[PDB]
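Visitor: In the entry's author numbering, the protein residues as written are 1 to 56. Every residue gets a Cβ at the ideal spot worked out from N, C-alpha and C, and that includes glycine.
Following this line, the structure appears as structure tokens:
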């Protein structure tokens, strides 16, 4: 399963492509790095194509 990431906080948003075997290990790994990079505003998630996003 392909998992995309789009975070919005700084002057620009972040982008990353990670396709794991399922949606858990990928949902966690993305949440880890994402939460470590930049996260403070509101958390959004698209259930249309599996994509985690953290907007300000």
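Work out the CA separation of residue 5 and residue 51 for me, nearest whole Å.
Guide: 5 Å
Visitor: Between residue 22 and the rest of its own chain, which residues show a CB-CB distance below 7 Å, the 5 nearest in sequence each way excluded?
Guide: Hits under 7 Å: 1.
Visitor: If you measure between the beta carbons of residue 56 and residue 40, is that distance less than 8 Å?
Guide: Yes, Cβ-Cβ distance for residue 56 and residue 40 is below 8 Å.
Visitor: Could you work out which residue in 48, 37, 19 is closest to residue 12 when comparing CA atoms only?
Guide: 37
Visitor: Classify residue 42: buried if its beta carbon has 16 or more other beta carbons within 10 angstroms, exposed otherwise.
Guide: exposed
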